[PDB]
């Protein structure tokens, strides 16, 4: 029937794929379990973390099961992917604090607590049980150094002295994928494009440990602004989902101020509006751009999803007053 795949491609939500036909066939023949993870490096998520998780909700709409992973264990280490400098280690108590904040935001994006619906996992639960010796004998023997060395995600830090610990992070993410595959039949891992290396490590580790070849990876596009500026950065800094760090008004204003060149693409990325309504908004944008109907709709949909009706209205007021 390919309804979901066609929806995803119309929205431009799929960037890299480990096996295009394989994934499409999988999605057409069965109900799939998939996951996306987030490390607790701050006590809130920001809009840059939003697209992959909303995309998991689009899969859920078609009968698939999403798994949201919080990196209680990997967050004690730090992902080097795409970054250029070694990150400082966080304290156990700060990570605990962060997990608590990010967890609350996840409960607002997915409905956890149901018998067979969305699931929230913390990788500290299994990674914290692994000893150094069993890690080297059970998993490390199945990873090649050259394989790890010839990868995108770490050349950036290769040139500037990557530590052995940042170098092994990719294997921890790999262990997570194998664990959810065996425990919850997870067959697909989703993530932003900077995660391509960590995602393929999981697939190759499973292939080497068990000849398991029914696992795939998908990445979501890096979100761009037509002028080339970084998306997700407001006047001060990042646009947080925590109302205490970025107020509903600031959040709402971020959306209402997107350009005409990017607004339709963002309606496709961030809202659950149908194609008919979105096409109507595109015509309105072409015919009556001064009405900003597209931006207004975008701001309302996302602000309500993240902060609720009440906060939206108060943001709509402060906005009418400021100008």
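Residue numbers count along the first chain shown, from 1.
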Avg C-alpha B-factor, entry values, 167-175 vs 232-240, higher side is 232-240
Between 255-263 and 59-67, the record assigns the higher mean Cα B factor to 255-263
For 194, 204, 79, 96, the deposited C-alpha B-factor is largest at 96
From the entry's CA B-factor values, the highest among 74, 155, 131, 181 is 155
Of the three thirds of the chain ranked by Cα temperature factor, residue 211 occupies the highest
Quick tally, chain-level thirds of C-alpha B-factors: residue 302 sits in the middle
Binned into thirds over the chain's modelled residues, the C-alpha B-factor of residue 50 lands in the middle
Entry-reported C-alpha B-factor of residue 291 relative to its chain, by third, is highest
Residue 17: C-alpha B-factor third of its chain, per the entry, is the lowest
